[PDB]
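The structure appears right after this line, and notes come after that.
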Amino acid sequence: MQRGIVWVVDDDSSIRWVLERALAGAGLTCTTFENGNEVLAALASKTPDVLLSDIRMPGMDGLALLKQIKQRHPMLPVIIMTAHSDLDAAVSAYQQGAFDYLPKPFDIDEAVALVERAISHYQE
C-alpha cells in the first residue's frame with residue numbers, strides 16, 4: 001500500500017478544508033499548498049500518490065507547475081483544473097506523468113472524482 005497520499009496545490013485554507021476532509025473520508029492523506037511551487041519543494045522529501053494543481057497563474061498560467069514537477073519528480077501524476085492557453089505544457093505533463101486536465105467542470109465533485117479515479121487506475 002500504499003497508504004494513499006493525495007497532495008493538492010491551491011489557495012490552501014478554503015481549498016484545503018474542502019478537499020482534505022472529503023478526501024480524508026476516502027481514507028487518504030490530503031495536504032494542500034500555496035500554488036504549485038510549494039509542492040515542488042515539499043516533494044524534494046516526499047512523493048504523493050496523486051497531485052492536484054489549480055492552474056491560475058503562477059508562472060506559466062498553471063502548466064508551469066507541471067514542468068517543475070517533471071524536473072524533480074519522475075512521473076508524479078498531476079491533475080489540473082483548467083488548461084487555458086498553453087496546453088502545450090499540458091501535453092508534456094502527461095509524458096512526465098500527469099493525470100489529465102479539466103475542461104469546464106471542476107469543483108470538489110468533479111475534482112475529487114478525477115482524483116480518486118487517478119489513484120485507483122494506478123493501483124494495483
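Simple scheme: letters A, B, ... for chains in C-alpha cells order, numbers from 1 for residues in each chain, numbers from 1 for ligands in the order shown.
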
Find the spatial neighbours of residue 35 in chain A, counting only C-alpha atoms, within a cut-off of 7 Å - ignore same-chain residues fewer than 3 positions away - and output them as an MDAnalysis selection string.
chainID A and resid 9:11 38 54

Which residues are near residue 65 in chain A? Cut-off 8 Å, only C-alpha atoms, ignore same chain within fewer than 4 positions. Put them as a PyMOL selection string.
chain A and resi 36-37+53+58-60+69

Prev. selection, N, CA and C atoms, output as a CSV table (one decimal), in the first residue's frame:
chain,number,residue,atom,x,y,z
A,36,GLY,N,1.7,25.8,-6.5
A,36,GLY,CA,2.4,24.8,-7.2
A,36,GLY,C,3.8,24.6,-6.8
A,37,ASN,N,4.5,25.7,-6.7
A,37,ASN,CA,5.9,25.7,-6.3
A,37,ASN,C,6.1,25.1,-5.0
A,53,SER,N,-3.3,20.2,-9.1
A,53,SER,CA,-2.8,21.6,-9.2
A,53,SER,C,-3.9,22.5,-9.8
A,58,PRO,N,0.4,31.0,-11.9
A,58,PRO,CA,1.6,31.1,-11.4
A,58,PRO,C,2.5,31.5,-12.3
A,59,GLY,N,3.4,30.9,-12.9
A,59,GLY,CA,4.3,31.3,-13.8
A,59,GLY,C,3.9,31.1,-15.1
A,60,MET,N,3.5,30.1,-15.6
A,60,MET,CA,3.1,29.8,-16.9
A,60,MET,C,1.7,29.4,-16.9
A,69,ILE,N,7.4,19.8,-11.9
A,69,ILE,CA,7.1,18.5,-11.4
A,69,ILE,C,7.9,17.4,-12.1

List as a PyMOL selection string the protein and nucleic acid residues near residue 31 in chain A, meaning an atom at most 12 Å away when only C-alpha atoms are counted, but skip any in the same chain fewer than 3 places from it.
chain A and resi 4-13+15-24+28+34+38-39+42-43+47-53

Write out, as a PDB file, in the first residue's frame, the residues just selected, with C-alpha atoms.
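The resulting selection10.pdb:
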ATOM      1  CA  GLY A   4      -2.711   6.748  -0.162  1.00  0.00           C
ATOM      2  CA  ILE A   5      -1.204  10.216  -0.114  1.00  0.00           C
ATOM      3  CA  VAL A   6      -3.023  12.953  -2.009  1.00  0.00           C
ATOM      4  CA  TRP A   7      -1.406  16.365  -2.369  1.00  0.00           C
ATOM      5  CA  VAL A   8      -3.262  19.447  -3.577  1.00  0.00           C
ATOM      6  CA  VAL A   9      -1.996  22.843  -4.692  1.00  0.00           C
ATOM      7  CA  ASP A  10      -4.416  25.760  -4.492  1.00  0.00           C
ATOM      8  CA  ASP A  11      -5.120  28.763  -2.327  1.00  0.00           C
ATOM      9  CA  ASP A  12      -4.988  26.486   0.725  1.00  0.00           C
ATOM     10  CA  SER A  13      -7.331  27.046   3.646  1.00  0.00           C
ATOM     11  CA  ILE A  15      -9.465  24.558  -0.877  1.00  0.00           C
ATOM     12  CA  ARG A  16      -7.703  22.650   1.877  1.00  0.00           C
ATOM     13  CA  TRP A  17     -10.721  22.152   4.097  1.00  0.00           C
ATOM     14  CA  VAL A  18     -12.943  21.067   1.213  1.00  0.00           C
ATOM     15  CA  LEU A  19     -10.524  18.591  -0.323  1.00  0.00           C
ATOM     16  CA  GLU A  20      -8.915  17.459   2.916  1.00  0.00           C
ATOM     17  CA  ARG A  21     -11.972  16.295   4.777  1.00  0.00           C
ATOM     18  CA  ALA A  22     -13.686  14.858   1.722  1.00  0.00           C
ATOM     19  CA  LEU A  23     -10.571  13.028   0.633  1.00  0.00           C
ATOM     20  CA  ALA A  24      -9.966  12.052   4.226  1.00  0.00           C
ATOM     21  CA  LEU A  28      -6.085   9.106   2.276  1.00  0.00           C
ATOM     22  CA  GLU A  34       0.103  27.762  -1.857  1.00  0.00           C
ATOM     23  CA  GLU A  38       5.263  24.676  -2.759  1.00  0.00           C
ATOM     24  CA  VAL A  39       4.621  21.003  -3.586  1.00  0.00           C
ATOM     25  CA  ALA A  42       7.968  19.598  -0.248  1.00  0.00           C
ATOM     26  CA  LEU A  43       8.257  16.919  -2.909  1.00  0.00           C
ATOM     27  CA  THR A  47       6.095  11.986  -3.180  1.00  0.00           C
ATOM     28  CA  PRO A  48       2.269  11.761  -3.063  1.00  0.00           C
ATOM     29  CA  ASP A  49       0.335   9.127  -4.983  1.00  0.00           C
ATOM     30  CA  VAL A  50      -1.775  11.786  -6.689  1.00  0.00           C
ATOM     31  CA  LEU A  51      -1.221  15.516  -7.109  1.00  0.00           C
ATOM     32  CA  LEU A  52      -3.851  18.155  -7.905  1.00  0.00           C
ATOM     33  CA  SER A  53      -2.839  21.570  -9.231  1.00  0.00           C
TER      34      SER A  53
END

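The list of residues with at least one atom within 12 Å of residue 85 in chain A, based on only C-alpha atoms and without residues fewer than 4 positions apart in the same chain, reads residues 55, 56, 57, 60, 61, 62, 63, 64, 89, 90 and 103 of chain A.
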
Write the residues you've just listed into a file as a PDB file, in the first residue's frame, and include N, CA, C and O atoms for each of them.
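The resulting file, selection-v2.pdb, is reproduced below:
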ATOM      1  N   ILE A  55      -4.224  25.726 -11.392  1.00  0.00           N
ATOM      2  CA  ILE A  55      -3.777  26.482 -12.548  1.00  0.00           C
ATOM      3  C   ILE A  55      -4.340  27.891 -12.542  1.00  0.00           C
ATOM      4  O   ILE A  55      -5.298  28.156 -12.876  1.00  0.00           O
ATOM      5  N   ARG A  56      -3.734  28.794 -12.156  1.00  0.00           N
ATOM      6  CA  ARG A  56      -4.170  30.174 -12.101  1.00  0.00           C
ATOM      7  C   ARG A  56      -3.233  31.109 -12.041  1.00  0.00           C
ATOM      8  O   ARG A  56      -3.264  31.937 -11.333  1.00  0.00           O
ATOM      9  N   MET A  57      -2.412  30.974 -12.792  1.00  0.00           N
ATOM     10  CA  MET A  57      -1.476  31.811 -12.841  1.00  0.00           C
ATOM     11  C   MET A  57      -0.243  32.026 -12.274  1.00  0.00           C
ATOM     12  O   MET A  57       0.179  33.152 -12.172  1.00  0.00           O
ATOM     13  N   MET A  60       3.516  30.072 -15.603  1.00  0.00           N
ATOM     14  CA  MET A  60       3.075  29.775 -16.906  1.00  0.00           C
ATOM     15  C   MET A  60       1.656  29.356 -16.876  1.00  0.00           C
ATOM     16  O   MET A  60       1.340  28.227 -17.203  1.00  0.00           O
ATOM     17  N   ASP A  61       0.808  30.275 -16.462  1.00  0.00           N
ATOM     18  CA  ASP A  61      -0.590  30.041 -16.366  1.00  0.00           C
ATOM     19  C   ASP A  61      -0.918  28.963 -15.368  1.00  0.00           C
ATOM     20  O   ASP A  61      -1.715  29.046 -14.698  1.00  0.00           O
ATOM     21  N   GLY A  62      -0.304  27.953 -15.280  1.00  0.00           N
ATOM     22  CA  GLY A  62      -0.535  26.866 -14.374  1.00  0.00           C
ATOM     23  C   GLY A  62       0.220  25.642 -14.785  1.00  0.00           C
ATOM     24  O   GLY A  62       0.628  24.854 -13.954  1.00  0.00           O
ATOM     25  N   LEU A  63       0.417  25.487 -16.078  1.00  0.00           N
ATOM     26  CA  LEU A  63       1.145  24.360 -16.598  1.00  0.00           C
ATOM     27  C   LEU A  63       2.602  24.439 -16.180  1.00  0.00           C
ATOM     28  O   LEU A  63       3.311  23.442 -16.186  1.00  0.00           O
ATOM     29  N   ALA A  64       3.043  25.631 -15.796  1.00  0.00           N
ATOM     30  CA  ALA A  64       4.414  25.823 -15.355  1.00  0.00           C
ATOM     31  C   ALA A  64       4.752  24.855 -14.236  1.00  0.00           C
ATOM     32  O   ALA A  64       5.854  24.332 -14.164  1.00  0.00           O
ATOM     33  N   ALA A  89       2.297  22.811 -22.577  1.00  0.00           N
ATOM     34  CA  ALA A  89       2.943  22.310 -21.377  1.00  0.00           C
ATOM     35  C   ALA A  89       2.129  21.205 -20.741  1.00  0.00           C
ATOM     36  O   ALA A  89       2.656  20.402 -19.981  1.00  0.00           O
ATOM     37  N   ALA A  90       0.844  21.164 -21.061  1.00  0.00           N
ATOM     38  CA  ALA A  90      -0.036  20.151 -20.523  1.00  0.00           C
ATOM     39  C   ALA A  90       0.270  18.800 -21.114  1.00  0.00           C
ATOM     40  O   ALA A  90       0.288  17.797 -20.424  1.00  0.00           O
ATOM     41  N   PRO A 103     -11.675  20.338 -18.461  1.00  0.00           N
ATOM     42  CA  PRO A 103     -12.203  21.311 -19.407  1.00  0.00           C
ATOM     43  C   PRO A 103     -13.011  22.405 -18.745  1.00  0.00           C
ATOM     44  O   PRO A 103     -12.603  23.387 -18.463  1.00  0.00           O
TER      45      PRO A 103
END

Using CA of residue 40 in chain A and CA of residue 71 in chain A as the two end points, give the distance in Å to one decimal.
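According to the coordinates, CA of residue 40 in chain A and CA of residue 71 in chain A are separated by 9.3 Å.
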
Would you work out the distance separating CA of residue 110 in chain A from CA of residue 78 in chain A, expressed in Å to one decimal?
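CA of residue 78 in chain A lies at a distance of 14.8 Å from CA of residue 110 in chain A.
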
Quick one: pick out all strand (DSSP E) residues within chain A from a backbone DSSP run and write them as a ChimeraX atom specification.
/A:5-9,29-33,50-53,78-80,100-101

Residue subset to file, keeping N, CA, C and O atoms, as a PDB file, in the first residue's frame:
ATOM      1  N   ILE A   5      -1.533   8.833  -0.419  1.00  0.00           N
ATOM      2  CA  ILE A   5      -1.204  10.216  -0.114  1.00  0.00           C
ATOM      3  C   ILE A   5      -1.594  11.143  -1.256  1.00  0.00           C
ATOM      4  O   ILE A   5      -1.016  11.086  -2.339  1.00  0.00           O
ATOM      5  N   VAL A   6      -2.570  12.005  -1.004  1.00  0.00           N
ATOM      6  CA  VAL A   6      -3.023  12.953  -2.009  1.00  0.00           C
ATOM      7  C   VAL A   6      -2.570  14.364  -1.660  1.00  0.00           C
ATOM      8  O   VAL A   6      -2.842  14.857  -0.572  1.00  0.00           O
ATOM      9  N   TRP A   7      -1.885  15.009  -2.588  1.00  0.00           N
ATOM     10  CA  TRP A   7      -1.406  16.365  -2.369  1.00  0.00           C
ATOM     11  C   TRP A   7      -2.099  17.331  -3.319  1.00  0.00           C
ATOM     12  O   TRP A   7      -2.249  17.054  -4.502  1.00  0.00           O
ATOM     13  N   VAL A   8      -2.549  18.452  -2.785  1.00  0.00           N
ATOM     14  CA  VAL A   8      -3.262  19.447  -3.577  1.00  0.00           C
ATOM     15  C   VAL A   8      -2.576  20.803  -3.525  1.00  0.00           C
ATOM     16  O   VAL A   8      -2.051  21.201  -2.498  1.00  0.00           O
ATOM     17  N   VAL A   9      -2.601  21.521  -4.635  1.00  0.00           N
ATOM     18  CA  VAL A   9      -1.996  22.843  -4.692  1.00  0.00           C
ATOM     19  C   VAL A   9      -3.023  23.875  -5.137  1.00  0.00           C
ATOM     20  O   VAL A   9      -3.455  23.883  -6.285  1.00  0.00           O
ATOM     21  N   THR A  29      -4.348  10.708   2.773  1.00  0.00           N
ATOM     22  CA  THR A  29      -3.765  11.912   3.350  1.00  0.00           C
ATOM     23  C   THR A  29      -3.845  13.069   2.367  1.00  0.00           C
ATOM     24  O   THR A  29      -3.246  13.036   1.316  1.00  0.00           O
ATOM     25  N   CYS A  30      -4.597  14.082   2.714  1.00  0.00           N
ATOM     26  CA  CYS A  30      -4.771  15.243   1.857  1.00  0.00           C
ATOM     27  C   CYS A  30      -4.102  16.482   2.431  1.00  0.00           C
ATOM     28  O   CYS A  30      -4.525  17.012   3.453  1.00  0.00           O
ATOM     29  N   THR A  31      -3.070  16.958   1.745  1.00  0.00           N
ATOM     30  CA  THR A  31      -2.357  18.155   2.162  1.00  0.00           C
ATOM     31  C   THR A  31      -2.400  19.171   1.026  1.00  0.00           C
ATOM     32  O   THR A  31      -2.405  18.797  -0.135  1.00  0.00           O
ATOM     33  N   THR A  32      -2.457  20.444   1.350  1.00  0.00           N
ATOM     34  CA  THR A  32      -2.529  21.476   0.329  1.00  0.00           C
ATOM     35  C   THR A  32      -1.349  22.432   0.393  1.00  0.00           C
ATOM     36  O   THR A  32      -0.629  22.489   1.381  1.00  0.00           O
ATOM     37  N   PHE A  33      -1.149  23.161  -0.696  1.00  0.00           N
ATOM     38  CA  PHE A  33      -0.047  24.099  -0.813  1.00  0.00           C
ATOM     39  C   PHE A  33      -0.506  25.442  -1.372  1.00  0.00           C
ATOM     40  O   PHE A  33      -1.663  25.603  -1.739  1.00  0.00           O
ATOM     41  N   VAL A  50      -1.011  11.000  -5.735  1.00  0.00           N
ATOM     42  CA  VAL A  50      -1.775  11.786  -6.689  1.00  0.00           C
ATOM     43  C   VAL A  50      -1.625  13.279  -6.408  1.00  0.00           C
ATOM     44  O   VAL A  50      -1.703  13.699  -5.418  1.00  0.00           O
ATOM     45  N   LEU A  51      -1.396  14.077  -7.279  1.00  0.00           N
ATOM     46  CA  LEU A  51      -1.221  15.516  -7.109  1.00  0.00           C
ATOM     47  C   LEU A  51      -2.255  16.307  -7.905  1.00  0.00           C
ATOM     48  O   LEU A  51      -2.506  16.026  -9.058  1.00  0.00           O
ATOM     49  N   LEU A  52      -2.847  17.305  -7.274  1.00  0.00           N
ATOM     50  CA  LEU A  52      -3.851  18.155  -7.905  1.00  0.00           C
ATOM     51  C   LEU A  52      -3.376  19.602  -7.928  1.00  0.00           C
ATOM     52  O   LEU A  52      -3.084  20.175  -6.891  1.00  0.00           O
ATOM     53  N   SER A  53      -3.291  20.191  -9.104  1.00  0.00           N
ATOM     54  CA  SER A  53      -2.839  21.570  -9.231  1.00  0.00           C
ATOM     55  C   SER A  53      -3.921  22.480  -9.776  1.00  0.00           C
ATOM     56  O   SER A  53      -4.628  22.135 -10.710  1.00  0.00           O
ATOM     57  N   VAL A  78      -0.318  14.384 -11.949  1.00  0.00           N
ATOM     58  CA  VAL A  78      -0.847  15.700 -11.634  1.00  0.00           C
ATOM     59  C   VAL A  78      -2.210  15.916 -12.275  1.00  0.00           C
ATOM     60  O   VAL A  78      -2.471  15.446 -13.374  1.00  0.00           O
ATOM     61  N   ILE A  79      -3.071  16.638 -11.582  1.00  0.00           N
ATOM     62  CA  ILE A  79      -4.404  16.927 -12.085  1.00  0.00           C
ATOM     63  C   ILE A  79      -4.663  18.425 -12.085  1.00  0.00           C
ATOM     64  O   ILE A  79      -4.735  19.052 -11.032  1.00  0.00           O
ATOM     65  N   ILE A  80      -4.791  18.997 -13.271  1.00  0.00           N
ATOM     66  CA  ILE A  80      -5.030  20.426 -13.405  1.00  0.00           C
ATOM     67  C   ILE A  80      -6.507  20.730 -13.629  1.00  0.00           C
ATOM     68  O   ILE A  80      -7.204  19.992 -14.319  1.00  0.00           O
ATOM     69  N   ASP A 100      -4.224  14.326 -16.083  1.00  0.00           N
ATOM     70  CA  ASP A 100      -5.042  14.915 -17.142  1.00  0.00           C
ATOM     71  C   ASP A 100      -5.387  16.368 -16.843  1.00  0.00           C
ATOM     72  O   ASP A 100      -4.814  16.978 -15.953  1.00  0.00           O
ATOM     73  N   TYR A 101      -6.330  16.910 -17.600  1.00  0.00           N
ATOM     74  CA  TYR A 101      -6.769  18.288 -17.437  1.00  0.00           C
ATOM     75  C   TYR A 101      -8.287  18.361 -17.410  1.00  0.00           C
ATOM     76  O   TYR A 101      -8.966  17.511 -17.984  1.00  0.00           O
TER      77      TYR A 101
END

When distances are computed from only C-alpha atoms, which of A:77, A:120, A:26, A:1 shows the smallest separation from residue 95 in chain A?
A:77

Do you have the CA of residue 14 in chain A-CA of residue 114 in chain A distance handy?
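These two atoms are separated by 19.2 Å.
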
I'd like to know which of A:76, A:112, A:118, A:44 is closest to residue 94 in chain A, using only C-alpha atoms.
A:76

Out of chain A, which residues get alpha helix (DSSP H) from DSSP, as a PyMOL selection string?
chain A and resi 13-25+37-43+63-72+87-96+107-122
